[PDB]
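Number of protein chains: 2
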Amino acid sequence: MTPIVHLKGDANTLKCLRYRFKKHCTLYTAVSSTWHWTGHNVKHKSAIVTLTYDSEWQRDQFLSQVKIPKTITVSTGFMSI
Amino acid sequence: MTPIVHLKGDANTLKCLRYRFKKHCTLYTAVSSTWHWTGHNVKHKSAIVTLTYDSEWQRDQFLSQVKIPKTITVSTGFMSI
Numbered sequence: 001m002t003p004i005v006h007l008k009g010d011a012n013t014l015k016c017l018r019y020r021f022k023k024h025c026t027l028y029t030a031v032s033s034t035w036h037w038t039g040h041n042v043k044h045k046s047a048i049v050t051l052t053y054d055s056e057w058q059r060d061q062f063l064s065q066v067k068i069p070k071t072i073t074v075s076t077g078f079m080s081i
Numbered sequence: 001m002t003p004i005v006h007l008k009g010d011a012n013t014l015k016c017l018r019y020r021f022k023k024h025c026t027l028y029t030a031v032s033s034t035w036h037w038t039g040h041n042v043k044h045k046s047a048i049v050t051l052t053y054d055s056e057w058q059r060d061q062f063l064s065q066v067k068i069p070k071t072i073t074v075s076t077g078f079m080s081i
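So the protein sequences, as listed, match chains A and B.
All residue numbers for the first sequence refer to the authors' numbering, where the first residue is 1 and numbers rise by one.
All residue numbers for the second sequence refer to the authors' numbering, where the first residue is 1 and numbers rise by one.
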């Protein structure tokens, strides 16, 4: 299936990460625009993004090229399309 | 795991669907803001959204309360967080 990572944290701390993916253009398959769980009642800035990898092995590579702050939690799963 | 549906199509045709989810507030677990696969070279308006359900059974219910145009393709998968 297609691997999909999910990172979250301060909407601002996410702006800096996107830049790191610029030099790592040869590591992910498709970057999604910044989005979040919208709802009638929100809380604060917690924008979230997602990155699809062509394989799990390549996934560990990106995590080795970018440092995931301890405040940002990662996610693991797979989709079918 | 957590079920996750993925719909796509004309960014405009998606605006009408979001309204249907308003009356079906008791059917999904978390609606995500409108987003899409951003990239240096885009094509046209193809915004995409996602909906998480608490179970597969409840998933078939939402699909029965909203008509998915033949131009919009659905998706099936699961995440782990």
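Where a beta carbon is used, it is the ideal one built from N, C-alpha and C, also for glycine.
With a threshold of 6 Å on Cβ separation, who are the neighbours of residue i within its own chain once the five nearest residues in sequence on each side are excluded?
i        : result
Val-66/A : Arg-20
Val-42/A : none
Check for me: the beta strand (DSSP E) holding residue i runs from which residue to which?
i        : result
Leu-14/A : Premise fails: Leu-14/A lies in the alpha helix (DSSP H), 11 to 23, not in any beta strand (DSSP E).
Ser-80/B : 76 to 80
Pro-3/A  : 2 to 8
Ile-48/A : 48 to 52
For residue i and residue j, which I take to be in contact (beta-carbon distance under 8 Å), what is that distance rounded to the nearest angstrom?
i        : j        : result
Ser-32/B : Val-49/B : 6 Å
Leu-14/B : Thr-34/B : 6 Å
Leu-27/A : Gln-61/A : 6 Å
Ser-75/A : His-24/A : Not confirmed; about 18 Å, so no contact.
Excluding five sequence neighbours on each side, which residues of the same chain lie with their C-beta closer than 7 Å to the C-beta of residue i?
i        : result
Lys-8/B  : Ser-46, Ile-48, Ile-72, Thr-73
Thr-29/B : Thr-52, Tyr-53, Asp-54
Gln-58/A : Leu-27
I want to see whether chain A comes within less than 8 Å of residue i, judged by CB atoms only; does it?
i        : result
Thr-76/B : yes
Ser-80/B : yes
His-6/B  : yes
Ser-33/B : yes
Excluding five sequence neighbours on each side, which residues of the same chain lie with their C-beta closer than 8 Å to the C-beta of residue i?
i        : result
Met-1/A  : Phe-78, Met-79, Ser-80
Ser-55/A : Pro-3
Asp-10/A : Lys-45, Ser-46, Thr-71
Determine whether the Cβ of residue i lies closer than 8 Å to any Cβ atom of chain B.
i        : result
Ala-30/A : yes
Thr-38/A : yes
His-24/A : no
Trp-57/A : no
For the alpha helix (DSSP H) that contains residue i, what are its first and last residues?
i        : result
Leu-63/B : 56 to 65
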